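> coords please:
(chains A, B, C, D, E, F, G, H and I)
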Amino acid sequence: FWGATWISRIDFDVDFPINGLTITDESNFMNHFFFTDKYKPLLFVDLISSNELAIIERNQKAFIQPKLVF
Amino acid sequence: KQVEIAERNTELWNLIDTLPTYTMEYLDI
Amino acid sequence: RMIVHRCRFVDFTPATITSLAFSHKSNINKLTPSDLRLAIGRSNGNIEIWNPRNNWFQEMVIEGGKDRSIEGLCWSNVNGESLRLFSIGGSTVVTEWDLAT
Amino acid sequence: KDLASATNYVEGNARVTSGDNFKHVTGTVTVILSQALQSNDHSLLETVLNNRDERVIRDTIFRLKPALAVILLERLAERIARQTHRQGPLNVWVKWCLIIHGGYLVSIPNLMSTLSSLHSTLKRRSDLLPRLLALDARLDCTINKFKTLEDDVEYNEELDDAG
Amino acid sequence: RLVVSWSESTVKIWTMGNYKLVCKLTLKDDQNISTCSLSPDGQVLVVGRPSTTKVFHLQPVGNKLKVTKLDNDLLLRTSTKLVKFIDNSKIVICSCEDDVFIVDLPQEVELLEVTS
Amino acid sequence: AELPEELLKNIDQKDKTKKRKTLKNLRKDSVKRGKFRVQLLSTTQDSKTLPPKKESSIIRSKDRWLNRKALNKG
Amino acid sequence: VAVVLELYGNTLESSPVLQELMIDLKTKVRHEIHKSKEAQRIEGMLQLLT
Amino acid sequence: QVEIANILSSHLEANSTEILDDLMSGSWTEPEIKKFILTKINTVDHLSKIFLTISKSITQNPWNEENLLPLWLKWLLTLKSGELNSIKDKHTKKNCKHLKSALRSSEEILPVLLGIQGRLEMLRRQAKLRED
RNA sequence: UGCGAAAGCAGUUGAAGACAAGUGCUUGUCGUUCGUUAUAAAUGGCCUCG
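Numbering: from 1, shown residues only, chains lettered A, B, ... in the order given. Okay, here it is:
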């Protein structure tokens, strides 16, 4: 499993140990474990072979607002 | 001989004062 | 241990955001409507509709065309009617979009 | 001017000076060299100074009349002082003069007053040496470290439809 | 070992053993490409747009891919949001009007109605 | 050294812009015939599927304004 | 020169043009060392006579 | 070469006092010194031990004729300056200051000496001219 | 910090209390104290009267 900035792997044969800027969502919408965030941003992720993984990543002038340094 | 000893010493003294397009990497799981 | 081929020879560049418009008028007293959406105007003709619920997840994309851009967006929300989206493409034209298709 | 305001510093037309300022305290061109020194001809001597051949330098000063040597030393100091980038070539002239006419220079009532410009000039180059070595060492390490360290495949749909 | 990317009616395909852009495809239509699906064998590439759907056969010659546009009228007049390969020959296409059907290179598939 | 006779014998035996301009002609949708100029008619689908092309003079003006020298976008 | 050197080490690595500027800079300072070296020889020589 | 490199590697692990002698081996060459420091000095402790040993010797006799140890010091710092200052041992800092003090004096030695080197040059050359 | 020349020669950078954060324990802080000679970083730059 992977998102724009993260990749994860889960094994479905093992159960896990039990131990602000978004809507509060008070209203209804209608009416074994590997996690990595090292690679980002990700365009596409998939295997080439059993042991080969493809990670595809993304690699204008600006108004000058100087950052004072002393 | 003392010239090069001294000049050699000077260099030592001043000395002591002082992304790829494609990368191949192996993940760990 | 698996081999990672970190590839960056593929370059996909988004278009500049040109316009922004919400589908509902702000009402502090009332709760957030289920149908609230945000329209994103792009310089390459793409209109992206996003949902502010559940962090931000993107619902549906209207694909743009060659030599076509977006300069203005407005929503129409009349009670009992489907949400209607209108856009301006930098020409003597007003376009109404079928959100269904 | 506002009286609260403090007067600013202005150098104006003041004369700057340094504490070392002790003014008030075949193939040879020898004959030209003796000629220009006597007559203070800058153009004539500059041509003589243009020789970069060491063997010429020795032979010319070898035959130069010892009294004329002293004035030559004074003049090289001045020409060095105006243009320091010519330091390298002109030390050679000062060197060969010093060894050959050294015996004469010993039998002179005063040297520092008449050779003050050289001493001041030569002193300045020495004051640079300790700093440049520091620069070289820093400049040494970095290079030391860094010395060690579509149309062919194009498929156009329009042309394909055309043919 | 082919990596295929499509952006603004231009499809570029790369092979990695280290990567070489074996071929690139340029399309007429001003409409941007909605989706591209490649057959498991890789010989058949389907390029989909809302206006039309076009299928192109890819054949390797001298570390390069030769492109031929297989002609099928139904796909050309077919809008496609999503397209996928059942096998090297059969595909499933969902039309912009939500019509799911199978084409062998249309066999419509019944869909449950959704309550309003 | 003298050459091998095989070397001497075998030697003796052995001894886009137009395309681009073509596109523009295909791109050209109007040509002048004598006093006439005839115009090609575009397909109905091309208009219906996508909105009409932007006119440039209206838009290119905005872009230069945002990228003015006095701004010093640099 | 030192400050830029201490400030742009890593940049010098990926920039070949800057490296050559240092190389010729190495040679000239070495000459400037060499020019100075005689000057201390000569000035001491002058001291002998006096 | 390889044998001495392995011997020096073993002694560094063994905390042997013979480290100086291994560094003093005449078989060492400048390309080999680069290869050893880059390839074999992978632990901070080994870097500290070599620096402490070499610095102590130079501090004791900064004017030793043998250029090998100075070569070791100069290459040790250029290639491992980042690792050297990373060392937080107080004794290592103290050893540095001692090495600075001895070498600092040597820099003061040079400018008068260079004059004397010149001052003899004409005496030799002047003597040669008289012979001729 | 002491001495001295400017070069340098010697010697230091401890303990307690309180607060915050993370998880009784760990880390960091102090418009708190006792004792010893003892990086920064809120986009934030200087008027006008010819």
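> from now on I want contacts and neighbour counts done on CA atoms only, so please keep to that.
Fine.
> quick check: phi and psi on residue E:25?
Residue E:25 has phi and psi values of phi -120, psi 130 when expressed as degrees, to the nearest 10.
> now the strands for chain D?
D:154-156 (DSSP state E).
> which residues of it lie near chain G?
By the rule C-alpha under 8 Å from any C-alpha of the partner chain, the part of chain D lying against chain G is D:87-88, D:91, D:95, D:98, D:102, D:105-106, D:111-112, D:119, D:122-123, D:125-126, D:128-129, D:132-133, D:135-136, D:138-140, D:142-143, D:146, D:149.
> likewise chain H?
H:111, H:114-119, H:122.
> if we use 7 Å, what do you get?
H:114-119 (C-alpha under 7 Å from any C-alpha of the partner chain).
> rewinding a little: pull out the buried members of the residues of chain D next to chain G.
Among the residues of chain D next to chain G, those scoring as buried are D:87-88, D:91, D:95, D:98, D:102, D:105, D:111, D:119, D:122-123, D:125-126, D:129, D:132-133, D:135-136, D:138-140, D:142-143 (criterion: 16 or more other C-alpha atoms under 10 Å in any protein chain shown).
> tell me how many other residues surround the residue in chain E that chain G sits nearest to.
Minimum separation of chain E from chain G (C-alpha to the nearest C-alpha) falls at residue E:18, amounting to 22.2 Å. Other residues lying near residue E:18 total 9 when counted by other C-alpha atoms under 10 Å in any protein chain shown.
> for whichever residue of chain G sits closest to chain H, list the residues it contacts.
In chain G, the residue that lies nearest chain H is residue G:41 (3.9 Å; C-alpha to the nearest C-alpha). Shown in contact with residue G:41 (C-alpha atoms under 7 Å, 6 or more residues apart in numbering or on different chains): H:114-115, H:117-119.
> and the two most separated of those?
Farthest apart among the contacts of residue G:41 by C-alpha to C-alpha are H:114 and H:119. That separation is 8.5 Å.
> if we can go back for a sec, mind listing which of the contacts of residue G:41 are in helices?
Per DSSP state H, helices hold the following members of the contacts of residue G:41: H:114-115, H:117-119.
> near chain B, which of those show up?
residue H:114.
> show the buried residues in the ones in helices among the contacts of residue G:41.
Applying 16+ other C-alpha under 10 Å to these, the neighbour count classes H:114-115, H:117-119 as buried.
> specify which member of these is nearest to RNA strand I.
Distance to RNA strand I, by C-alpha to the nearest atom of the strand, is smallest for residue H:114 among these, at 18.4 Å.
> the closest one and residue E:11: what is the separation?
72 Å (C-alpha to C-alpha, to the nearest Å).
> which phi and psi does residue H:129 have?
According to degrees, to the nearest 10, residue H:129 has phi -60, psi -40.
> the strands in chain E, which residues?
E:2-7, E:10-16, E:19-26, E:35-38, E:44-48, E:53-60, E:65-70, E:82-85, E:91-94, E:100-103, E:107-108.
> again with chain G
Using DSSP E, chain G contains no strands.
> any idea how many residues pack against the one residue in chain E that gets nearest to chain A?
In chain E, the residue that lies nearest chain A is residue E:1 (6.6 Å; C-alpha to the nearest C-alpha). Residues near residue E:1, counting by other C-alpha under 10 Å, number 11.
> that one reaches residue E:14, doesn't it?
No - the criterion here is C-alpha atoms under 7 Å, and residue E:1 misses it with residue E:14 at 8.3 Å.
> any chance of the ones in helices among the contacts of residue G:41 in CSV, plus distance to RNA strand I?
What follows is those, written out as CSV (distance: C-alpha to the nearest atom of the strand, whole Å):
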residue, distance to RNA strand I
H:114, 18
H:115, 19
H:117, 23
H:118, 24
H:119, 24
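> in CSV, list the ones in helices among the contacts of residue G:41 along with distance to chain C.
Formatted as CSV, the ones in helices among the contacts of residue G:41 follow (distance: C-alpha to the nearest C-alpha, whole Å):
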residue, distance to chain C
H:114, 59
H:115, 62
H:117, 62
H:118, 63
H:119, 66
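> that's a helix at residue C:86, yeah?
No - with DSSP: H, G, I helix; E, B strand; the rest coil as the criterion, residue C:86 is strand rather than part of a helix.
> secondary structure class for residue A:45?
Strictly by three-state DSSP, residue A:45 counts as strand.
> which helix is the longest one in chain D?
helix D:116-148.
> which one in chain C is furthest away from the centre?
Within chain C, residue C:1 marks the point farthest from the mean C-alpha position, 41.3 Å out by C-alpha atoms, centre = their mean.
> show the contacting residues for it.
Residue C:1 makes contact with B:26-29 under the criterion C-alpha under 7 Å, 6+ apart.
> show me what contacts residue 1?
Using chain A. Residues near residue A:1 by C-alpha under 7 Å, 6+ apart: A:7-9.
> chain H, not that one
Under the contact definition (C-alpha under 7 Å, 6+ apart), the residues listed for residue H:1 are H:27-28.
> and with 8 Å instead?
By C-alpha atoms under 8 Å, 6 or more residues apart in numbering or on different chains, the residues touching residue H:1 are H:27-28, H:32.
> just the helices in the chain please.
As the question left the chain open, I've gone with chain A. In chain A, no segments count as helices under DSSP H.
> I was after chain F.
Per DSSP H, chain F carries helices over the ranges F:5-14, F:17-27, F:44-49, F:56-66.
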